[PDB]
Amino acid sequence: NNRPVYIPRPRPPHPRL
Amino acid sequence: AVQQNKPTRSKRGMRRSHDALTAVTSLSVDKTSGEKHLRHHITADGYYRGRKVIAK
Amino acid sequence: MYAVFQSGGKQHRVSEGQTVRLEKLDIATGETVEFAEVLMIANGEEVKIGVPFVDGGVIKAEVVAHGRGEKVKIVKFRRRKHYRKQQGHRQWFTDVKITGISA
Amino acid sequence: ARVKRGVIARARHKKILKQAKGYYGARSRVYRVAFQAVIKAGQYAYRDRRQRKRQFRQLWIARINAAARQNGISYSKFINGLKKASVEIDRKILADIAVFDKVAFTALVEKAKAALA
Amino acid sequence: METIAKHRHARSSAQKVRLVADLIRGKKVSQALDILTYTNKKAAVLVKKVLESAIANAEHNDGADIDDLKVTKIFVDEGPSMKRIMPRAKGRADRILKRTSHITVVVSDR
Amino acid sequence: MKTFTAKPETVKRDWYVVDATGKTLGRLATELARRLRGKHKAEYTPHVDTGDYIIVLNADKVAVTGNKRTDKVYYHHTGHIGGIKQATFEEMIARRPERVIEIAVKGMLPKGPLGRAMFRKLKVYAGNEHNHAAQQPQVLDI
Amino acid sequence: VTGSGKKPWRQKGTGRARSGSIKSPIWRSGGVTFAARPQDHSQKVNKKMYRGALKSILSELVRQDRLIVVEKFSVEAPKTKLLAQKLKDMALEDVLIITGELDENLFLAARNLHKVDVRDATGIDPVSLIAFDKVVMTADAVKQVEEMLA
RNA sequence: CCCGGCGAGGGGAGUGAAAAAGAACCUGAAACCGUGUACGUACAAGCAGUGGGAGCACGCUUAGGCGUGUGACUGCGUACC
RNA sequence: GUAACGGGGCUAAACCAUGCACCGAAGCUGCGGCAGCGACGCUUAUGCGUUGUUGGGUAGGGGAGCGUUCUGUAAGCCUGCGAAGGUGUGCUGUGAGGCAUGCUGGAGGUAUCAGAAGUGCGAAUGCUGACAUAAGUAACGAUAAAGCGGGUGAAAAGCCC
């Protein structure tokens, strides 16, 4: 019952500038 | 591509209502052996239409 | 056989031999109550009030119960203002039995 | 002194659930959602304790208007005649009389007409 | 007469065995037996074994004459679930629930 | 004590006939709505259909004052790409004369299952002949 | 709390609430925002307050007649039976024996029994005085107590 | 002892105060999942509640409502921090 | 998508002057119930034969109270003809709550007044365990490919030849 140790880095956000 | 809110057990049951099966209700008794078998299928022992068909 | 009388600010339509739950009165539980303020006396022929409180009519009734009304909860809540208040109430009643109606 | 609050929490949750009993869906099963229902139910009850008086007044006025128009007079004229005749009867008893005994309402209407004219 | 019979810790899922149970719910013993025999489900044989156990119990531990017997109360219920970890993509880990169900068959003459 | 409330099972519904010839459309429709809702009865109940059955004849002869006969547009939408259609009073009378009366009475009536039930009693006939003589529908002078 | 100061997960990007250490009070197996410390609960009571309370409790006992003054109260032998008889004949069960001079015989007799206790005149406490329903006093003990109270 | 697959489990018998104390074993609630009962629901729109409210199913003294469940219809009513 | 009276619909059911009636709020009045504030006739640690008035409320300030662990009371009391917890019911108090009991349980609990809180959870993308949701859906993990016959076995396409 171990919590997920590794979580992938979030997908880069779409350019909103 | 994902649910905004959790559906309810009522909707779940309504959806599953159509998942129930239907009984064959077509048990046929052999003329000679008098055994129940699926219609247009050979009996377990190997008798179909009175005459034997499997010889085993 | 029915009559209309005002006892606690509200008119009650009562017939002979029936009990009516009305507003509490400072009266004993087994003492006949007289109500001379009657609005109409009804029979096969109808007599109406030309002036309030008829002329000589009166209602004779006997007190039966002196309990309280059913529980009612008063809940006051203000949305998004961090305010809620709770309160209960049980209005008092003095049930009486209408035994006699005069003319 | 460590104090365990499980019993008190369960008692309060059961109180809320029994207050909310009879609702549809999770409103009668989940305490977190049932709590909103009881507060909203109390607000509705508080509003209705006042709305009932005016709704019954509306119904009684409608019944009296129906009876008066059947007898051949308008509700406003009938009430004006009653006031001129100095009659303190209220809409509730008036509607009861109209519903049950027609002769009594006819007497009321004729006396009101006599007072008006 | 109760003559209960159950098979706890069954591998088949309750959601998938209730479908078979409904077919025989409230039918005669022989009709239920043949329906289960000729039903194309693993749950069919799984519940046919329980029905055979129940009818044998009625024969031996209770009154004879299985002819006038009906399956009055039958219901399928979930059982203890076993946790299994299945690797997924991107290193993500999900949990597989090996669901087990409890099936109970009650047969009575009346 | 408890106020009287009409029980639907013991409700007496009478049959009336109203002539639509030489009658104002709105003034007839409002009276029909009042009759359907039962506000003329001494036992009116808001939540019970205590009204009566009315048979309207000569619906095509209903009259509208002013230029409404030509400038009154009954719009409706079919719930489609552009399915908005407009029909004048003359066009509606030519196609079917009962629908104008039905729409007017439906608008007068309240909304909901109770309103639909009240509207269900109306039986509008274009001609002067009706097939409800078996119910003794005495004419109503209005 | 035994553990590590390492963050359970990186501060940003994770789909979980912000955390700084497993030792957080809102985490299982470790916490307590305000842990208790060994502290002295002793309360400062002035000698005047103590004397006033003692005099007041003695006056209340005298007014209620729960205080009894007797002559030399001693037990010949260190036997609890003798003390039990000497209390039962006088009809006293829950009583405090206060003696000017402590005697080993009486001390041993009353040590085992709980309904009867023995204390010196100097060694008296308002808690004990209020707890005990009855009090029996010797002349020397009364004189010493009065002299101490002044 | 029996069903079952020389299994698992269950049903009988016995031990045991208790076996819904059977080793997945003290007391054993909730979210969640079914069965049976009574009601409502397949022409009716929206914080799913409140006030009124006919009918139906259960027991009562009296023979009318009263205690509970359901509740068509109706006015109002756009969750919590 | 009619959409610039709310709609129906209205030639008065449109606008100006007047009048008489009615609907119209939690506003006022009538009754009952509760609490604070000042007075006088009296009770004098408190009732009032009373009187006038106040009682929407966030932040905030003041007062009065309900609930639980433990300690003294308490070697006293209930308790194996049934304690605690669990689960429904009827009363009761403006309230946090309190009382009794149908069934499970099985041996602990605790009256009144006081003393200290690790003393009350509905949220913090909170922590631990479990169960739903999607859902009996994707998928069952290189498109090199299985069939028949016999054998064991309760069951064979994947076990043996």
# chains A, B, ... in the order shown; residues from 1 in each chain; ligands from 1

$ interface_residues --of "chain H" --to "chain D" --cutoff "7 Å" --atoms "only C-alpha atoms (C1' of nucleotides)" --output "MDAnalysis selection string"
chainID H and resid 48:51 79:80

$ write_last_selection --atoms "N, CA and C atoms (P, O5', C5', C4', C3', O3' and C1' of nucleotides)" --output "PDB file, in the first residue's frame"
ATOM      1  P     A H  48     -33.699  21.608  -3.543  1.00  0.00           P
ATOM      2  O5'   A H  48     -34.313  20.297  -4.208  1.00  0.00           O
ATOM      3  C5'   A H  48     -33.673  19.033  -4.065  1.00  0.00           C
ATOM      4  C4'   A H  48     -34.598  17.898  -4.429  1.00  0.00           C
ATOM      5  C3'   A H  48     -34.046  16.496  -4.174  1.00  0.00           C
ATOM      6  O3'   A H  48     -35.097  15.623  -3.766  1.00  0.00           O
ATOM      7  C1'   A H  48     -34.555  16.735  -6.467  1.00  0.00           C
ATOM      8  P     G H  49     -35.150  15.068  -2.259  1.00  0.00           P
ATOM      9  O5'   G H  49     -35.063  16.383  -1.365  1.00  0.00           O
ATOM     10  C5'   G H  49     -36.078  16.685  -0.421  1.00  0.00           C
ATOM     11  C4'   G H  49     -36.007  18.122   0.031  1.00  0.00           C
ATOM     12  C3'   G H  49     -37.281  18.683   0.643  1.00  0.00           C
ATOM     13  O3'   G H  49     -37.422  18.339   2.011  1.00  0.00           O
ATOM     14  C1'   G H  49     -36.438  20.206  -0.958  1.00  0.00           C
ATOM     15  P     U H  50     -38.828  17.806   2.581  1.00  0.00           P
ATOM     16  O5'   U H  50     -39.605  19.136   2.978  1.00  0.00           O
ATOM     17  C5'   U H  50     -39.002  20.108   3.821  1.00  0.00           C
ATOM     18  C4'   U H  50     -39.627  21.465   3.629  1.00  0.00           C
ATOM     19  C3'   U H  50     -41.140  21.519   3.766  1.00  0.00           C
ATOM     20  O3'   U H  50     -41.575  21.582   5.113  1.00  0.00           O
ATOM     21  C1'   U H  50     -40.493  22.658   1.803  1.00  0.00           C
ATOM     22  P     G H  51     -42.955  20.887   5.550  1.00  0.00           P
ATOM     23  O5'   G H  51     -44.073  21.791   4.863  1.00  0.00           O
ATOM     24  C5'   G H  51     -44.495  23.006   5.465  1.00  0.00           C
ATOM     25  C4'   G H  51     -45.723  23.564   4.788  1.00  0.00           C
ATOM     26  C3'   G H  51     -46.827  22.565   4.478  1.00  0.00           C
ATOM     27  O3'   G H  51     -47.639  22.266   5.599  1.00  0.00           O
ATOM     28  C1'   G H  51     -46.438  23.922   2.584  1.00  0.00           C
ATOM     29  P     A H  79     -28.806  28.291  -4.636  1.00  0.00           P
ATOM     30  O5'   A H  79     -28.319  27.108  -3.684  1.00  0.00           O
ATOM     31  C5'   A H  79     -27.661  25.970  -4.222  1.00  0.00           C
ATOM     32  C4'   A H  79     -27.331  24.958  -3.152  1.00  0.00           C
ATOM     33  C3'   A H  79     -26.201  25.333  -2.205  1.00  0.00           C
ATOM     34  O3'   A H  79     -26.616  26.183  -1.151  1.00  0.00           O
ATOM     35  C1'   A H  79     -25.859  23.138  -2.998  1.00  0.00           C
ATOM     36  P     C H  80     -25.606  27.278  -0.547  1.00  0.00           P
ATOM     37  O5'   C H  80     -24.492  26.415   0.196  1.00  0.00           O
ATOM     38  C5'   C H  80     -24.711  25.915   1.507  1.00  0.00           C
ATOM     39  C4'   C H  80     -23.463  25.289   2.082  1.00  0.00           C
ATOM     40  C3'   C H  80     -22.251  26.201   2.212  1.00  0.00           C
ATOM     41  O3'   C H  80     -22.290  27.028   3.362  1.00  0.00           O
ATOM     42  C1'   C H  80     -21.591  24.177   1.202  1.00  0.00           C
TER      43        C H  80
END

$ closest_atom_pairs --of "segment 23-83 of chain I" --to "segment 117-137 of chain I" --cutoff "12 Å" --atoms "only C-alpha atoms (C1' of nucleotides)" --output "tab-separated table"
residue	atom	partner	partner_atom	distance
I:66	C1'	I:120	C1'	10.6
I:67	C1'	I:120	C1'	7.2
I:68	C1'	I:119	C1'	6.7
I:69	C1'	I:119	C1'	8.3
I:70	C1'	I:117	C1'	9.5

$ interface_residues --of "chain H" --to "chain F" --cutoff "7 Å" --atoms "only C-alpha atoms (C1' of nucleotides)" --output "PDB file with N, CA, C and O atoms (P, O5', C5', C4', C3', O3' and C1' of nucleotides), in the first residue's frame"
ATOM      1  P     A H  54     -55.815  15.006   1.315  1.00  0.00           P
ATOM      2  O5'   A H  54     -56.647  13.866   0.579  1.00  0.00           O
ATOM      3  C5'   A H  54     -57.757  14.194  -0.243  1.00  0.00           C
ATOM      4  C4'   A H  54     -57.753  13.389  -1.518  1.00  0.00           C
ATOM      5  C3'   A H  54     -57.556  11.890  -1.362  1.00  0.00           C
ATOM      6  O3'   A H  54     -58.743  11.214  -0.987  1.00  0.00           O
ATOM      7  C1'   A H  54     -56.174  12.698  -3.104  1.00  0.00           C
ATOM      8  P     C H  73     -46.942  14.679 -11.290  1.00  0.00           P
ATOM      9  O5'   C H  73     -48.041  15.736 -10.833  1.00  0.00           O
ATOM     10  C5'   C H  73     -49.268  15.862 -11.534  1.00  0.00           C
ATOM     11  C4'   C H  73     -50.197  16.826 -10.840  1.00  0.00           C
ATOM     12  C3'   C H  73     -49.591  18.169 -10.464  1.00  0.00           C
ATOM     13  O3'   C H  73     -49.580  19.083 -11.547  1.00  0.00           O
ATOM     14  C1'   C H  73     -50.757  17.280  -8.608  1.00  0.00           C
ATOM     15  P     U H  74     -48.435  20.206 -11.655  1.00  0.00           P
ATOM     16  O5'   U H  74     -48.826  21.256 -10.524  1.00  0.00           O
ATOM     17  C5'   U H  74     -50.087  21.908 -10.547  1.00  0.00           C
ATOM     18  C4'   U H  74     -50.365  22.608  -9.242  1.00  0.00           C
ATOM     19  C3'   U H  74     -49.307  23.596  -8.781  1.00  0.00           C
ATOM     20  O3'   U H  74     -49.414  24.858  -9.420  1.00  0.00           O
ATOM     21  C1'   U H  74     -49.906  22.193  -6.980  1.00  0.00           C
TER      22        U H  74
END

$ closest_atom_pairs --of "chain G" --to "chain I" --cutoff "7 Å" --atoms "only C-alpha atoms (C1' of nucleotides)" --output "CSV"
residue,atom,partner,partner_atom,distance
G:16,CA,I:125,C1',6.1
G:17,CA,I:125,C1',5.3
G:26,CA,I:127,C1',5.7
G:27,CA,I:127,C1',4.1
G:28,CA,I:127,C1',5.6

$ select_by_dssp --residues "chain F" --states "helix (DSSP H, G or I)" --output "ChimeraX atom specification"
/F:8-10,25-37,59-61,68-71,89-95,98-108,113-120,133-135

$ interface_residues --of "chain G" --to "chain D" --cutoff "12 Å" --atoms "only C-alpha atoms" --output "count of residues only"
3
